[PDB]
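Below, all heavy atoms of this structure are taken into account, side chains as well, without hydrogens, waters or symmetry copies. Residue numbering restarts at 1 for every chain, and letters A, B, ... go by the order of the sequence lines.
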Amino acid sequence: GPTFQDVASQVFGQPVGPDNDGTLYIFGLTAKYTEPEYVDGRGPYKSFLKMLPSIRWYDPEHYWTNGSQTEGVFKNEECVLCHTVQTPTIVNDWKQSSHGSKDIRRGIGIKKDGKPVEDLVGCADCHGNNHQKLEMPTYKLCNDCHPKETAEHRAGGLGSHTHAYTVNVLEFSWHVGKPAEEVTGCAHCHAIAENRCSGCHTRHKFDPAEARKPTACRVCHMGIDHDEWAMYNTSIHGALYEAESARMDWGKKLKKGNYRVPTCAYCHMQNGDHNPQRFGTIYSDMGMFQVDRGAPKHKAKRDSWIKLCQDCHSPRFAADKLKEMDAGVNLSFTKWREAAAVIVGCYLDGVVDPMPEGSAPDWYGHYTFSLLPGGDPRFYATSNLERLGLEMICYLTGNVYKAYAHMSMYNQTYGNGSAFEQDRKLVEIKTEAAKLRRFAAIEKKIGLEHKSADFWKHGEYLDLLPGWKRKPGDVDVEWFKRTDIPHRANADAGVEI
Amino acid sequence: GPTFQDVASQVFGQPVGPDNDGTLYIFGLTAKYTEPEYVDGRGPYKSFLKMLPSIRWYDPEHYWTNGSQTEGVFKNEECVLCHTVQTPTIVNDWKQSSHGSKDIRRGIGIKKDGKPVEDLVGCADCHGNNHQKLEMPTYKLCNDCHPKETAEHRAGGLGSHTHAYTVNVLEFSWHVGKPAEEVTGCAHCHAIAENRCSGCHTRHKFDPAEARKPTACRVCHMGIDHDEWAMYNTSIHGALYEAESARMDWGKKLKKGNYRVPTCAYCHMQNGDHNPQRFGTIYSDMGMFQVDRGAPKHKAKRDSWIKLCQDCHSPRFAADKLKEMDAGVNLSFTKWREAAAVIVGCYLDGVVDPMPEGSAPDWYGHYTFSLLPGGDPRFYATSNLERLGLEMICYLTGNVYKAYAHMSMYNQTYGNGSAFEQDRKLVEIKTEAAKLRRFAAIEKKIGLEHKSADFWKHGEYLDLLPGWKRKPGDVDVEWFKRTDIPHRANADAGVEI
Amino acid sequence: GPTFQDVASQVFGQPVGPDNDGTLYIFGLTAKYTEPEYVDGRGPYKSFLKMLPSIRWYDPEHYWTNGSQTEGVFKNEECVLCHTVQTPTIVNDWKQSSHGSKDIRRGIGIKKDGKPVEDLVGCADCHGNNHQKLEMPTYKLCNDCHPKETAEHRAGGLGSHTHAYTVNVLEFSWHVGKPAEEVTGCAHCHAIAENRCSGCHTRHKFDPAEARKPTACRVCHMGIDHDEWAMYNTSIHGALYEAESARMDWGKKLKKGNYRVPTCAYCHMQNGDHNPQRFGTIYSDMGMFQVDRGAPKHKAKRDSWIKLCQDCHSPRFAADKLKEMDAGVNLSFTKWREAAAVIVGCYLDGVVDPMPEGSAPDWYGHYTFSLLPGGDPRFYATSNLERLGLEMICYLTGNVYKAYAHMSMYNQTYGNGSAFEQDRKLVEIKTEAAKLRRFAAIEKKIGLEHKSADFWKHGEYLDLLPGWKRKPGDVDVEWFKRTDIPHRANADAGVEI
Ligand code: HEC
Ligand code: HEC
Ligand code: HEC
Ligand code: HEC
Ligand code: HEC
Ligand code: HEC
Ligand code: HEC
Ligand code: HEC
Ligand code: HEC
Ligand code: HEC
Ligand code: HEC
Ligand code: HEC
């Protein structure tokens, strides 16, 4: 029988065809989805997880291969001469880096194999000399000469740069639950943070002054999921950053008295510490878990933050501000608990449309309510009620904490990820619940047997989801048995974590 | 019987407990809300209004107390020596201010008690000499030496910095209607504008050049409620600000011919006037009230704006642009009136779900429709229809004016607070109304007696609202009788305003 | 009978009156809409299209008239002397331009009528000498001395600056379908791009260094419809722009090796090319039409982009990144096709509320479903289902392409115009469809004959729409017969395009 594409083709006079053939498809109506070429993904879901081949740049230890057309074994100087023509800005960057320019070195005392590095560190020193065997490095390379910074970069827990990809890409429901090409940016953002040393001070200048700016963090630390850039930017600190950035001295080390305006790096990479997570009171799943950071048991961490603020403030003022955070966060969770009760209530009364058996299976292969134990909280391939619930906990409640932590008066109250956005979301959730209950009450009284629409279960995108093909024995539980990395509490992990 | 927390505890294996004990509560599910420590709030609702104790910094005349552990009576120079170690950036700021540095003084002619201030103005001069009796100032202090700027700062009407807190926090429905810790940022944002002189030129540098930048305004003048920063930033003026900020001379006084790119301060603090409200045609409740600023009766104000624009433009061009504002605003109100008719229509036909008696009482203690006279227009603890109505008038219609006033082509039409967002909101409002009417028609025909869900009336957050505990005689009407400040037209004011 | 205004007046004690009389109308409730003064619009819908008179500045060839009060015939030098007082910043700009300052000229070889322009190019040279016959120029003037840049500016196709106004304002459904004052910003934004040479390097400095910055593009190239500024800004390129803008040398020509950080102009006005559209693979209606830019037939364009990226990158890296775009775009269209099937499905089953005959006629004067052939896809004056459909294709699906094209990891996945926003919109669309189907099923079973509410068809804004007054013979089809400009595929064009 005719597909959507076939019918569209008959109406628009454009033939049906594969999406990838170069045809300009009118509103994409007659194009058929083709699976891109994949490589196998790593981690506990390696039986079905895929990546686009471009993962080569971001997990090079497992995917990098020679793909160059240029042959030869060259000296550093030859790399530079040719790349001056072939990739000019890479050479320009490198010539403006202390690797490539002795004049801007600070005599730090860099050593490799116990011996001082006094020469230029050239293209070949980082990439190899043989153009058919070029290397694409990770922090492993940098460790040869920068062990302190590397050790710190590798010292974080779950929720830090240290495990951003290895755990929080490869084990994460929203990543493993979707076609690889949909979530490439997830893999790369998280992998840049973990596997590279260029997230903050970019290649090839590797300039710490660049790394001190909020621009060194906000590409990743932004948005509806974790809006700390916006929270910072809409604080008075953030406004003063914008005011003073052009004329302030960014060449000063992150130290007490060196800056008027605090940046992300100033407060989180205190005194140049490359394990920024460690200053946090406790990992709270981005504020989705409730904790009072001002409670007696967290006094050491609270006192440490107060002292940090005291670089530029009264400690009494700082203490008050962090207490405002504690209070504002605790109030915010009353609205989440209201929402959760309304949402689970609907499930328990059987009035959610669709019910879980009416949707595509979740990424575990289960027909399980997303906001119950064992479910997969999500914004896609689920009911409107469940979507709104996820938005309430993740996008709003988590960001109230971020708004308070970063002194954004507006976003604590009115703005994105605020108290008032929680209010509005709560109204939306109650509205959905009310509609669902009124439909169910009417249908019961008149004896109409409602069946949820097939579009909740099947469709061109929904049919691509991995939940359909999950089967017993498809989890690499040995991965989850590893104790050298932490793990996510996934329902099908199959072992103790 | 078990609460939500008790049930959650039994399912997740985490004990129920107080939110404030430091436990990391899984999705905040088993945490119980505790009331933070409060102090009494001021104003006409002082019988129940509360503040967090940190209000000490923002309304210090009424809440400031000694809270220091350091004892002694010190000279200015001693303040500096110790704070160089203890709060270094405050000293650095102060040393870079004309208060603390004679070299950057301009010989303005500052006097205290009729005598010239020729000495440094040190920590002790503003905070006192006794470390157990330190003072936290307001504009009252600055008035000692800067009477002109202070008088202007105090010359505004309702809707200006002058009464931002005293009237528009302490009398405002959305503030008084919510638990104190939810709205701390409201109190402080508005109180910084009223009680301080550091909102634009921050302490401790007090640099007018900083105050001239848009960053001196946008922390407060932003967002869905009043998006003028975004309107400015998405105008060509705003783009040119971003382009020229790094290299332009911000040390020039706000004067005709001193700037290529106009900022908030250039247009609103014309010639350094510290009463920025006065250049406005008329107060319109943030554009929620409709007025044609191009009408004959406003000619003097319109001509004054045209002349301001003529610093850098043809007055004919300026006149045309402000006429575009008038026309665009007048069109925008047709959509609001459509929305209002649809919404009130639903109330009058009794089909809103919930009806007002089905919700928690409003902050007056009334079960009154929010979009009728005497009601409390709001986005929280109300029906979806009422929420959308408030969003239509406040967030969108008001911001259409702001988009036109600031020359944002995109936000006048497509963007945030635009004509097209009004369109979409109007569709949402009609959609809600249609759903409500279809449910009511069905329920009438089949004889189903619909009762609005209990979650509209009760819940962990809704139960905290002050409407529940309002009672006769709980308003300080003497406050509203004051003629030395203006007042909001609150339903329970009890007197003439 | 009483209107909404009359009833409101009786309730609020404010008389009904015209919106334009200067009265401050309480919530705009008692104000009556008045039609602003219009001039006739141009193009194929000239029989009813209107413009505000301020169109004089933007289509001056057809609308400019003398409106000055100053009389006299003056020399350049006299223009400057008086305007130093009367419009100081225009003179300041001009004195800082190479037109008005020989010292900053670069000896480019500018000629007029085959002769070198060695004098200052003064106010009178561009505006005329007679103050009662002043000229308001377009690119036609600039062509006298800058033929190369003008020819390129005029070399684009549909979707470029070249036809932004002449075709894509005057023929565009959303513009012609709305009252003129609602869409003034549309006319001007598009007309600035087409008719002027000041969109990027603003008057009166006309500084190419300014034009190279992202600020030269983002006022227009922003927002929910086409969010490329945000996509760029949330890429690492964009973060590096913010980091380096203050200290980088913007005086360098856009050339390989002159910049570390690429801007809009660097990538789209390659080597100073003033036809930025031409580097695009193919026009795709802002990504609403699906095309795989990595397909064999587009190899030349793909290779050209790869080489552009190779200014600062491996071509293998660049190739991989553009393949990620291809793959991500192709996945994004599966969700659109799902949405479209759900939406059209509802129309074909007759369950959309309102159905098209229940709404105001579209701008063609038809009662036609907006998401069928011959309909007018839109966000206003339509059903919620149709609104959400338009949002899915235009605001989200189109912007997924923009997110990938500009390397925004976050906006490809989580952010504005992303995969996950598509997910959420798809849930919304299915939710609307489900509600519509459940209502229809109930109403059928109980024998309730549903009539869509009158507010879908009539209202103060809806009644202003041009669809009501469309009639046979009201299209200037001769316009559409023109072959010297391209055309939009409008349903009532009446001829071959
Ligand atoms: C000092 C003035 C800060 C600046 C500048 C920025 N942040 Fe921050 N952040 C700060 C505090 C006091 C807290 C709360 C920590 C606590 O335990 O009390 C935070 C929180 C974060 C987090 C969450 C960390 C966690 O939960 O453990 C993140 C990811 C974060 N901040 C990032 C961040 C970024 C990207 C910033 C610049 C845009 C930034 N912060 C500014 C203090 C300060
Ligand atoms: C952001 C989160 C960063 C990541 C990831 C890495 N670095 Fe870094 N680095 C960053 C900042 C903000 C600074 C300046 C800190 C300060 O004290 O002002 C630096 C500095 C360095 C240095 C210079 C150290 C010195 O003695 O001056 C080095 C050698 C360095 N960084 C190396 C490095 C390595 C090897 C990384 C990967 C493991 C790495 N950095 C990641 C910010 C960030
Ligand atoms: C950078 C552009 C990001 C993209 C794209 C994705 N995420 Fe992210 N992630 C980012 C940051 C900065 C943070 C930390 C914020 C904090 O306060 O800690 C997050 C964190 C999440 C986490 C933790 C979720 C939790 O348990 O509470 C996970 C598992 C996660 N990120 C994974 C991930 C994946 C794979 C994405 C798409 C499938 C997603 N993120 C987008 C920023 C980056
Ligand atoms: C008058 C011109 C002042 C001088 C001189 C100094 N300070 Fe100040 N300070 C002043 C005001 C009006 C305020 C209130 C806040 C506001 O912005 O209006 C303050 C605040 C403080 C604080 C508390 C706030 C904080 O950021 O922690 C402290 C601890 C403080 N001031 C200390 C201080 C010191 C040590 C000074 C000398 C170096 C000093 N101030 C100078 C006004 C004035
Ligand atoms: C001159 C070019 C301006 C700049 C720069 C900014 N604004 Fe403005 N604003 C301007 C006009 C002509 C108007 C309309 C006033 C009238 O009566 O016609 C406004 C309006 C405001 C308002 C509302 C004032 C009122 O209703 O009386 C506010 C609060 C405001 N503008 C603030 C503001 C800010 C914060 C700006 C920088 C981000 C800014 N404006 C820029 C003119 C100009
Ligand atoms: C933003 C709304 C401001 C507030 C609130 C206050 N000030 Fe201000 N101040 C502001 C600007 C934009 C400028 C520069 C204006 C100009 O003409 O360019 C200033 C300047 C001052 C000065 C210097 C005056 C002089 O003769 O050079 C002083 C002494 C001053 N401001 C004091 C002051 C006081 C006492 C305030 C509280 C009452 C205050 N300012 C608030 C912006 C803003
Ligand atoms: C700064 C970060 C703000 C916060 C937080 C709150 N508001 Fe605000 N308020 C702010 C500004 C800049 C403006 C003026 C805009 C204009 O065009 O005039 C507003 C104004 C409102 C008003 C007037 C409402 C009206 O009658 O039309 C009130 C009463 C108000 N603000 C009070 C207030 C409170 C107490 C808040 C939370 C409970 C809220 N605001 C957030 C910016 C600041
Ligand atoms: C050609 C190179 C010009 C010279 C020399 C001057 N102006 Fe101009 N001006 C020019 C153009 C093409 C335009 C149209 C708008 C656009 O951006 O393309 C203008 C506009 C004006 C205006 C009206 C717009 C406004 O901002 O008010 C005025 C009042 C104006 N120009 C005056 C003016 C004066 C006094 C000049 C000499 C100092 C002058 N212009 C030089 C092009 C050119
Ligand atoms: C190089 C690194 C770029 C920068 C900097 C910016 N853009 Fe871009 N853009 C770039 C590519 C490779 C593409 C895809 C083109 C293709 O055919 O593969 C685009 C796309 C656009 C478009 C759409 C053009 C089309 O569909 O033909 C627009 C309108 C656009 N970009 C604008 C734009 C702006 C305003 C930018 C700065 C904010 C910008 N781009 C940055 C490459 C690059
Ligand atoms: C943005 C899309 C632009 C529009 C529209 C126009 N110009 Fe432009 N111009 C722009 C840039 C980014 C640059 C610098 C390009 C570079 O190679 O670095 C320029 C430069 C010019 C120049 C100088 C040429 C030279 O030889 O140095 C001229 C004379 C010029 N532009 C004229 C011009 C005219 C006549 C335009 C209307 C037809 C016009 N520009 C539009 C960006 C943009
Ligand atoms: C600048 C502030 C804009 C305003 C306001 C309007 N539009 Fe726009 N338009 C703008 C740009 C930068 C783009 C190009 C983006 C790209 O990737 O090509 C658009 C394009 C649209 C198009 C094409 C629609 C299509 O067929 O795919 C049209 C017809 C259009 N713009 C017209 C137009 C009108 C008249 C507007 C309001 C009625 C609307 N635009 C707002 C930016 C500018
Ligand atoms: C070690 C200090 C390096 C030196 C010296 C040079 N490069 Fe490099 N490069 C390095 C790393 C760790 C990476 C991986 C990406 C990351 O950000 O961590 C790279 C990447 C490249 C690439 C591919 C990426 C791209 O932008 O195209 C190329 C083509 C490349 N490097 C080339 C190159 C050349 C020519 C160099 C000498 C001038 C050079 N690199 C120096 C680390 C180091």
Taking [X] for the side chain and [Y] for the main chain, is one N or O donor matched with an acceptor at less than 3.5 Å?
X	Y	answer
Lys252(C)	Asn258(C)	no
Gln132(C)	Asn66(C)	no
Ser160(C)	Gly157(C)	yes
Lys301(C)	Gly280(C)	yes
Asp125(C)	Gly122(C)	yes
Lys50(C)	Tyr38(C)	no
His190(C)	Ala164(C)	yes
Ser408(B)	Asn411(B)	yes
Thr89(C)	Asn92(C)	no
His406(C)	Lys402(C)	yes

Mind jotting down which residue pairs meet the salt bridge (charged side-chain N to carboxylate O under 4.0 Å, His left out) criterion with at least one end in [range]? Sequence neighbours excluded, please.
range	value
residues 198-209 of chain C	none
residues 103-112 of chain C	none
residues 150-166 of chain C	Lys148(C)-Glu152(C), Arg154(C)-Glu194(C)

- Worked verdict on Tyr165(C) versus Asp59(C) for side chain to side chain donor-acceptor pair (under 3.5 Å): CA-CA 9 Å; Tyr165(C) 164 79; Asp59(C) 189 358; 2.6 Å; yes
Which residues pass the ring-ring contact (aromatic ring centres under 6.0 Å, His included) test with [X], not counting sequence neighbours?
X	answer
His226(C)	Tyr410(B)
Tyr139(C)	none
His268(B)	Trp305(B)
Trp57(C)	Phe317(B), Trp64(C)

Taking the side chain as C-beta and beyond, is there a heavy-atom pair between [X] and [Y] under 4.5 Å?
X	Y	value
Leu141(C)	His127(C)	no
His188(C)	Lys321(B)	yes
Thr413(B)	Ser418(B)	no
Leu52(C)	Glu324(B)	yes
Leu158(C)	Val167(C)	yes
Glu244(B)	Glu210(C)	yes
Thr87(C)	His313(B)	no
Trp229(C)	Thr234(B)	no

- Message: Could you check whether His131(C) and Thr70(C), counting side-chain N and O atoms only, form a donor-acceptor pair closer than 3.5 Å?
- Response: no
- Report yes or no: do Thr150(C) and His146(C) form a side-chain donor-acceptor pair below 3.5 Å? no
- Taking atom NZ of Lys323(B) as the centre, does the number of heavy atoms from other residues, nucleotides or ligands within less than 6.0 Å exceed 12? no
Set of salt bridge (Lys or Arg N to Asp or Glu O under 4.0 Å) partners for [X], sequence neighbours left out:
X	result
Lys46(C)	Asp476(C)
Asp311(B)	none
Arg278(C)	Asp273(C)
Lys253(B)	none

- Task: Go through the steps to decide whether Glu149(C) and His274(C) satisfy the test side chain to side chain donor-acceptor pair (under 3.5 Å), and finish with yes or no.
- Result: CA-CA 6 Å; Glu149(C) 290 79 18; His274(C) 276 61; 5.4 Å; no
- Message: Ring-plane angle category for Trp250(B) and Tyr241(B), please: parallel below 30°, perpendicular beyond 60°, tilted otherwise.
- Response: perpendicular
- Can you label the angle between the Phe206(C) ring and the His201(C) ring as parallel, tilted or perpendicular, going by 30° and 60°? perpendicular
- Query: Which residues pass the side chain to side chain contact (heavy atoms under 4.5 Å, CB included) test with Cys264(C), sequence neighbours left out?
  - Reply: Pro214(C), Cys217(C)
- Message: What I want to find out is whether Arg482(C) reaches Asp484(C) closely enough, with some N-O distance under 4.0 Å, to be called a salt bridge.
- Response: yes
- Query: Could you go step by step and tell me if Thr184(C) and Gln412(B) meet the side chain to side chain donor-acceptor pair (under 3.5 Å) rule?
  - Reply: CA-CA 9 Å; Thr184(C) 301; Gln412(B) 287 160 22; over 6 Å; no
- Message: On the six-membered ring of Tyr259(C), is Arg212(C) placed so that its NZ or CZ lies under 6.0 angstrom from the centre and within 45° of the ring axis?
- Response: no
